[PDB]
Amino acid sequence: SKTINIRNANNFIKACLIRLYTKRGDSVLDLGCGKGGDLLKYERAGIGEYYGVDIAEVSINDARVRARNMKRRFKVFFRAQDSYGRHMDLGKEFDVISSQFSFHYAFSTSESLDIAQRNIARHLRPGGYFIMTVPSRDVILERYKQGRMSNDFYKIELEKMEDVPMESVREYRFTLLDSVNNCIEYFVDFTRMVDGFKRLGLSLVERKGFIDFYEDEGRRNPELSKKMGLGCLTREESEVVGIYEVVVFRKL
């Protein structure tokens, strides 16, 4: 593929995040786990338990095969359901709750976000972290004002002007080479997210852009760099990576 560097970067960034907030023996709840793309990362992190939840059953089964056919020291649990707009009660709490490239889907409606934020807080141990990587609304609107909304790797389209300005847009179309196709993405209303979480005991402890986060980490972990094979992305690839940001809330 022609997006390998972009996959390496994203996985790199995610691995570093996991390394930063997880510790040995931790219990992790992976929301929007997908096809278990982080099982290996967690295996290196030496975590003890892994629970993955995804709305799509086609991905869960893929995450099962992977878990089933891999050298892992942690117990896995998969469940296919809606963890954002449908009540969720798994029974136990977790030290770390991860939602990689998937939490923005919780912003479907006002109620959805609320349910989703409630589902996160009730499955998080006090002191526990909720790490995520979501698209940056600020970034996107700027590329919009610059007219540069795409390239050979991706494409984004906002909604129509009928009685609406930029700040009034709630969603957009995202297309990615060898990935989603005109997938409907919901903008992450940051302020509403913060307030909503703060109301449930979760505080904002980290918000950084993918590129900076990437550059900063790539310098502190040169080994994980060459290990995951990476270094110096083309500006064309940077645009795709630059769309996402890192956000972390902790249950004080």
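Throughout, we count residues from 1 along the sequence that is shown. If you superpose the two forms and keep the largest set of C-alpha atoms that fall within 1.5 Å, you have the rigid core.
For the pair 99-107 and 153-161, greater average C-alpha departure from the shown form in 6 other deposited structures of this protein after core alignment is found in 153-161. Between 185-193 and 218-226, the larger mean CA deviation from the shown form in 6 other deposited structures of this protein, after core superposition, belongs to 218-226. Between 168-176 and 95-103, the higher mean Cα B-factor belongs to 168-176. The stretch 219-227 shows the higher mean C-alpha B-factor when 199-207 is compared against 219-227 in the entry.
Residues shown: 156, 131, 134, 121. Highest C-alpha temperature factor in the entry: 156. The entry lists a Cα temperature factor for residue 125 that places it in the lowest third of the chain's modelled residues.
Annotation for residue 70: C-alpha temperature factor in the highest third relative to the rest of the modelled chain, per the entry. Among the modelled residues of its chain, residue 16 has a C-alpha B-factor that falls in the lowest third according to the deposited record. When the CA B factors of the chain's modelled residues are split into thirds, the value for residue 149 lands in the highest one. Annotation for residue 243: C-alpha temperature factor in the lowest third relative to the rest of the modelled chain, per the entry.
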